[PDB]
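Source file: upload19.csv; contents: CSV, C-alpha atoms.
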chain,number,residue,atom,x,y,z
A,19,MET,CA,0.0,0.0,0.0
A,20,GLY,CA,1.4,3.4,-1.1
A,21,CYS,CA,3.5,4.7,-3.9
A,22,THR,CA,6.5,3.3,-5.8
A,23,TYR,CA,9.7,5.1,-6.8
A,24,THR,CA,12.2,4.3,-9.5
A,25,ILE,CA,15.9,4.5,-8.6
A,26,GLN,CA,17.7,5.9,-11.6
A,27,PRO,CA,21.4,6.5,-12.2
A,28,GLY,CA,21.8,9.9,-10.5
A,29,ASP,CA,19.0,9.9,-7.9
A,30,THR,CA,20.1,10.7,-4.4
A,31,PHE,CA,18.4,9.5,-1.2
A,32,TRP,CA,18.4,12.9,0.4
A,33,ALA,CA,17.2,14.5,-2.9
A,34,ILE,CA,14.3,12.0,-3.3
A,35,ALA,CA,13.4,12.6,0.3
A,36,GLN,CA,13.2,16.4,0.2
A,37,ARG,CA,11.5,16.0,-3.2
A,38,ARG,CA,8.8,13.4,-2.6
A,39,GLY,CA,8.4,15.0,0.9
A,40,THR,CA,9.7,12.1,2.9
A,41,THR,CA,12.6,11.3,5.2
A,42,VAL,CA,15.7,9.3,4.2
A,43,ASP,CA,15.1,7.2,7.2
A,44,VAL,CA,11.7,6.1,5.9
A,45,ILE,CA,12.9,5.8,2.3
A,46,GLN,CA,15.6,3.2,3.3
A,47,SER,CA,13.5,1.7,6.1
A,48,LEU,CA,10.9,0.7,3.4
A,49,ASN,CA,13.7,-0.9,1.4
A,50,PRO,CA,16.5,-2.2,3.7
A,51,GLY,CA,17.5,-4.6,0.9
A,52,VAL,CA,19.4,-1.7,-0.6
A,53,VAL,CA,22.6,0.0,0.7
A,54,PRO,CA,24.4,3.3,0.1
A,55,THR,CA,27.7,1.4,-0.5
A,56,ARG,CA,26.1,-0.7,-3.2
A,57,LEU,CA,23.8,1.9,-4.8
A,58,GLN,CA,22.4,0.3,-8.0
A,59,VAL,CA,21.1,2.1,-11.0
A,60,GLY,CA,17.7,1.4,-12.7
A,61,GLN,CA,16.0,-0.3,-9.8
A,62,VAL,CA,12.4,0.2,-8.6
A,63,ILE,CA,11.5,0.4,-4.9
A,64,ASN,CA,8.7,1.3,-2.5
A,65,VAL,CA,8.1,4.8,-1.0
A,66,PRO,CA,5.6,6.7,1.1
A,67,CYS,CA,2.8,8.4,-0.8

Could I get this structure in the form of structure tokens?
Amino acid sequence: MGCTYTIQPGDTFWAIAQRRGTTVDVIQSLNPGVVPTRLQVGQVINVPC
């Protein structure tokens, strides 16, 4: 339940947060499978709507 976000090559966590209007903590919390050290490009994920 909610909205989905597409992680493209260049999108930053902080940016997406301030953009969508959510907090980085929640953004990652919703998708713990992803890490900052292994930031992949072209991967869809979940986000707060």

Residues within 12 Å of residue 34 in chain A, only C-alpha atoms, excluding chain neighbours under 2 positions, as a PyMOL selection string: chain A and resi 22-26+28-32+36-46+65-66

Export, as a short mmCIF file (atom, residue, chain, number, x, y, z; two decimals), in the coordinates of the input, the selected residues with C-alpha atoms.
data_model
loop_
_atom_site.label_atom_id
_atom_site.label_comp_id
_atom_site.auth_asym_id
_atom_site.auth_seq_id
_atom_site.Cartn_x
_atom_site.Cartn_y
_atom_site.Cartn_z
CA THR A 22 6.50 3.30 -5.80
CA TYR A 23 9.70 5.10 -6.80
CA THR A 24 12.20 4.30 -9.50
CA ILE A 25 15.90 4.50 -8.60
CA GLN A 26 17.70 5.90 -11.60
CA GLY A 28 21.80 9.90 -10.50
CA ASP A 29 19.00 9.90 -7.90
CA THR A 30 20.10 10.70 -4.40
CA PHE A 31 18.40 9.50 -1.20
CA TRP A 32 18.40 12.90 0.40
CA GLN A 36 13.20 16.40 0.20
CA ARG A 37 11.50 16.00 -3.20
CA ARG A 38 8.80 13.40 -2.60
CA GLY A 39 8.40 15.00 0.90
CA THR A 40 9.70 12.10 2.90
CA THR A 41 12.60 11.30 5.20
CA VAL A 42 15.70 9.30 4.20
CA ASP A 43 15.10 7.20 7.20
CA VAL A 44 11.70 6.10 5.90
CA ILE A 45 12.90 5.80 2.30
CA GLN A 46 15.60 3.20 3.30
CA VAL A 65 8.10 4.80 -1.00
CA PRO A 66 5.60 6.70 1.10
#

Contacts of residue 52 in chain A at 10 Å (all atoms listed in the file; same-chain gap of 6+ positions) as a VMD selection string: chain A and resid 46 58 61 63

Length of the CA of residue 47 in chain A to CA of residue 20 in chain A vector [Å]: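 Answer for the CA of residue 47 in chain A to CA of residue 20 in chain A separation: 14.2 Å.
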
Starting from the incomplete input, reconstruct N, CA and C atoms of range 51-67 of chain A and report them as an mmCIF file, keeping the file's coordinate frame.
data_model
loop_
_atom_site.group_PDB
_atom_site.id
_atom_site.type_symbol
_atom_site.label_atom_id
_atom_site.label_comp_id
_atom_site.auth_asym_id
_atom_site.auth_seq_id
_atom_site.Cartn_x
_atom_site.Cartn_y
_atom_site.Cartn_z
ATOM 1 N N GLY A 51 16.769 -3.698 1.811
ATOM 2 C CA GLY A 51 17.500 -4.600 0.900
ATOM 3 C C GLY A 51 18.610 -3.812 0.174
ATOM 4 N N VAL A 52 18.448 -2.497 0.069
ATOM 5 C CA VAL A 52 19.400 -1.700 -0.600
ATOM 6 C C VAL A 52 20.331 -0.937 0.332
ATOM 7 N N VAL A 53 21.573 -0.717 -0.088
ATOM 8 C CA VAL A 53 22.600 0.000 0.700
ATOM 9 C C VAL A 53 23.223 1.107 -0.017
ATOM 10 N N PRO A 54 23.744 2.092 0.730
ATOM 11 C CA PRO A 54 24.400 3.300 0.100
ATOM 12 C C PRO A 54 25.762 2.887 -0.483
ATOM 13 N N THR A 55 26.387 1.836 0.040
ATOM 14 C CA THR A 55 27.700 1.400 -0.500
ATOM 15 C C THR A 55 27.514 0.636 -1.788
ATOM 16 N N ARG A 56 26.334 0.064 -1.998
ATOM 17 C CA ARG A 56 26.100 -0.700 -3.200
ATOM 18 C C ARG A 56 24.860 -0.079 -3.960
ATOM 19 N N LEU A 57 24.879 1.238 -4.133
ATOM 20 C CA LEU A 57 23.800 1.900 -4.800
ATOM 21 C C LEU A 57 23.706 1.487 -6.279
ATOM 22 N N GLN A 58 22.624 0.790 -6.609
ATOM 23 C CA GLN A 58 22.400 0.300 -8.000
ATOM 24 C C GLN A 58 21.620 1.314 -8.789
ATOM 25 N N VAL A 59 21.764 1.241 -10.108
ATOM 26 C CA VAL A 59 21.100 2.100 -11.000
ATOM 27 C C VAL A 59 20.010 1.406 -11.825
ATOM 28 N N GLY A 60 18.821 1.994 -11.924
ATOM 29 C CA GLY A 60 17.700 1.400 -12.700
ATOM 30 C C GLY A 60 17.029 0.299 -11.892
ATOM 31 N N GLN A 61 16.691 0.608 -10.645
ATOM 32 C CA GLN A 61 16.000 -0.300 -9.800
ATOM 33 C C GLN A 61 14.797 0.310 -9.106
ATOM 34 N N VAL A 62 13.636 -0.324 -9.230
ATOM 35 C CA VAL A 62 12.400 0.200 -8.600
ATOM 36 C C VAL A 62 12.312 -0.201 -7.160
ATOM 37 N N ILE A 63 11.642 0.634 -6.373
ATOM 38 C CA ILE A 63 11.500 0.400 -4.900
ATOM 39 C C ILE A 63 10.167 0.967 -4.432
ATOM 40 N N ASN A 64 9.926 0.813 -3.134
ATOM 41 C CA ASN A 64 8.700 1.300 -2.500
ATOM 42 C C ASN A 64 9.001 2.649 -1.788
ATOM 43 N N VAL A 65 7.988 3.506 -1.704
ATOM 44 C CA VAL A 65 8.100 4.800 -1.000
ATOM 45 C C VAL A 65 6.786 5.289 -0.509
ATOM 46 N N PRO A 66 6.834 6.157 0.513
ATOM 47 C CA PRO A 66 5.600 6.700 1.100
ATOM 48 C C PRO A 66 4.914 7.703 0.202
ATOM 49 N N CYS A 67 3.607 7.515 0.048
ATOM 50 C CA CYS A 67 2.800 8.400 -0.800
ATOM 51 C C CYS A 67 2.031 9.400 0.020
#
